[PDB]
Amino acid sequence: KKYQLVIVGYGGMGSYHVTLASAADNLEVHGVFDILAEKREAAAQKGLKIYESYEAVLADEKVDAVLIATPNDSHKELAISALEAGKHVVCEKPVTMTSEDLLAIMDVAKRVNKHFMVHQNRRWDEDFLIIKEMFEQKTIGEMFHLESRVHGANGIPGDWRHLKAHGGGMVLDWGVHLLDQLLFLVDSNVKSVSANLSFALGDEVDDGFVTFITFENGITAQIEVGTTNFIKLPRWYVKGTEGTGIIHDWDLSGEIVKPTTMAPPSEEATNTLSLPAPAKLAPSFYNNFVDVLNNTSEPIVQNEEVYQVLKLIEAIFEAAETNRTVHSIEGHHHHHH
């Protein structure tokens, strides 16, 4: 069929999903719901049908799927409601505020036989796909250390991202993208996590963080988000047994430097090269989502992967708060103590 999607939450990302979803082959934006009149008015201006309630969205038999782009605390119940009403769900990152909440959603999805997919759009980021190529094709030999940094100097945007109750802060906002990229790329269990949160801005939520992650296969990674950074460190810095790579910024500027376990290095005998062309990740998120609904393809963004990321986020919070190194992503649910 031509699948019909309703946007639930017509804010900054929700309104951009009209563009994204419409770009897919057999998917259409059918309507919108938002609790704010001004947001509903803006959607009406683009010709979009406005629903009176969320209940009205779910009762509409013409609607095949919903996109949930609300603040982070509402995601879970909205998703569960949708799936219980027979609707497939695309949910904005971070899907839930705890890993146990995703499990519950996955239970519902399995029971009603409807699909739930996290919007992890940044696996398609070109900078990341250049790193993916390098990692897979051994451009700098065995890549054993990765540094992934998103720096800005604008603080925390909007309203709800400042608040703990709405799943605010930068681990949840940007950290989930970079952690999802890391775990998508590296096929290895997490051996250890240490972390520090930034409260430089004096908010009740983190305005940035750093985490040091070691994998079972010996790969180490540093993942960093900052909002108080008036000079930026590079987007990517990666070390391999046969070279080093850098990607400075979103403009994809950078280079590789290679020597002409590791051989004894010398700075006098090196060659500088361009970054390779990005790896392919095909099709787009929304085309893959339609393929998944049609049962023609396996999902690129798997709920099992998303689950591991949430546990990792839970490990990061536990590690920063106790100022300890944690030695698995298991055991941070705090159900029993």
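Note that residue numbering begins at 1 and tracks the sequence as displayed.
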{"property": "Missing residues, deposited sequence, between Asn113 and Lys114 (class: none, 1 to 3, 4 to 9, 10 or more)", "result": "none"}
{"property": "Per the entry, higher mean C-alpha B factor between 73-81 and 178-186", "result": "73-81"}
{"property": "Mean temperature factor over C-alpha atoms, higher-scoring stretch between 26-34 and 306-314", "result": "26-34"}
{"property": "Member of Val292, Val301, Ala44, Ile68 with the greatest C-alpha B factor (per the PDB record)", "result": "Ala44"}
{"property": "B-factor third for the C-alpha atom of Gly245 within its chain", "result": "lowest"}
{"property": "B-factor third for the C-alpha atom of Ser284 within its chain", "result": "middle"}
{"property": "Among modelled residues of the same chain, the CA temperature factor third for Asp206", "result": "middle"}
{"property": "Position of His145 among the chain's modelled residues by C-alpha B-factor, lowest, middle or highest third", "result": "lowest"}
{"property": "Third of the chain's Cα B-factor distribution that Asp101 belongs to, per the entry", "result": "middle"}
